[PDB]
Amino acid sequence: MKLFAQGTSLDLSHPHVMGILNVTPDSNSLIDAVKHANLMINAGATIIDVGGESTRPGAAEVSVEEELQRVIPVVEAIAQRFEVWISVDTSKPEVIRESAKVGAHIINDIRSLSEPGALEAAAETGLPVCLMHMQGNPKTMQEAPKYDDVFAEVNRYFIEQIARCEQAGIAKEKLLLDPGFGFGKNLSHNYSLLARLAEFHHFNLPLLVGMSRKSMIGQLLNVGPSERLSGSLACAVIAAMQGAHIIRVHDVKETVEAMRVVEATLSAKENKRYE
């Protein structure tokens, strides 16, 4: 299993660590962003995820001009200084288009190209696209998350969105699937998805997961956001043992170390996965 973008490839026979580079200001961003990316690359991240719109519960929307200002210079600088792959965490067709031009490898849209023109703009780049499940939108998703059967519903959603991208001329082989931990889900919904994650392999597509420092850990352990490293590594290991291909994290070094132990364990397994 491999992805192709920007005249290079990514080999997904072993788990990759995707380092989070949030570039939403809180009350020199370009230089600090590149310093941060550098540490993460040295720590072993093989993909950096650049995000200019907070997608957290309750988050406010960001204008296209502001998102571009935050994201595009950062993507460019990384693409010319380093060789690491670059995912852009955006829903906006103009950010998708512009990101690609300055060297982005993966469109990582939490809205799965649901915005006007997103689907065509992503098709136009030819880049790999990650489709994520979210119930509702970031402003209201955590109000009252509800499923009769969360796995079945997320699974159906992936069927529908794969089709949607196929119809738009994006081939199955470009797609990644992310069950969207924390995006319109309570505690038990998240753990049901984590527990049954290997069953999403039936699509024969790369799985991407992001649980780092999330409330599914915070609420379970009753610890604050800075106190979640051990819990984050447990979630990472659990996902990667079930054949998850990309692990989106804040703490790169520690995750990279944990993924080696997982790689050593899987290569000594006969069938290369846990279920």
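Whichever C-alpha set is largest while still superposing within 1.5 Å between the two forms counts as the rigid core. Residues carry their position along the shown sequence, with the first being 1.
Colleague: Name the stretch that deviates more in 8 other deposited structures of this protein: 164-172, or 129-137? Use RMS CA distance to the shown form, core superposed.
Modeller: More C-alpha displacement in 8 other deposited structures of this protein shows up in 129-137.
Colleague: Rigid core fitted first, then name the stretch among 220-228 and 54-62 whose C-alphas deviate most from the displayed form in 8 other deposited structures of this protein.
Modeller: Looking at 220-228 versus 54-62 in 8 other deposited structures of this protein, the farther one turns out to be 54-62.
Colleague: Compare the other PDB entries of this protein and indicate whether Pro15 is left unmodelled in at least a third of them.
Modeller: No, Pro15 has coordinates in all the other entries compared.
Colleague: Compare the other PDB entries of this protein and indicate whether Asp26 is left unmodelled in at least a third of them.
Modeller: Yes, left without coordinates in at least a third.
Colleague: From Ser27 on to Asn28, does the model leave out none, 1 to 3, 4 to 9, or 10 or more residues of the deposited sequence?
Modeller: Per the deposited record, the segment joining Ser27 and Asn28 lacks coordinates for 4 to 9 residues.
Colleague: Mean C-alpha B-factor higher for 28-36, or for 202-210?
Modeller: It is 28-36 that shows the higher mean C-alpha B-factor.
Colleague: So, looking at the entry's B-factor column for Cα atoms, which has the higher mean, 148-156 or 161-169?
Modeller: It is 161-169 that shows the higher mean C-alpha B-factor.
Colleague: For the CA B factor values reported in this entry, which option in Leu197, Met134, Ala122, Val88 has the top one?
Modeller: Most elevated C-alpha B-factor of the set, per the entry: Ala122.
Colleague: If you compare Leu10, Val17, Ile20, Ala258, which has the highest Cα B-factor in the entry?
Modeller: Most elevated C-alpha B-factor of the set, per the entry: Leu10.
Colleague: Test of reading the entry: by CA B factor among the chain's modelled residues, which third contains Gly182?
Modeller: Lowest third of the chain for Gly182's C-alpha B-factor.
Colleague: Could you look up the Cα B-factor of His189 in the entry and say which third of the chain it sits in: lowest, middle or highest?
Modeller: For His189, whose C-alpha B-factor we compare with every modelled residue in the chain, the answer is the lowest third.
Colleague: Which third of the chain holds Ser215 when residues are ordered by C-alpha B factor: lowest, middle or highest?
Modeller: Ranked within chain, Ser215 CA B lands in the lowest tercile.
Colleague: Split into thirds by Cα B-factor across the chain's modelled residues, where does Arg70 land: lowest, middle or highest?
Modeller: Middle third of the chain for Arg70's C-alpha B-factor.
Colleague: Going by the entry, which third of its chain does the Cα temperature factor of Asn222 land in?
Modeller: As the PDB entry reports it, the C-alpha B-factor of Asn222 lands in the highest third of its chain.
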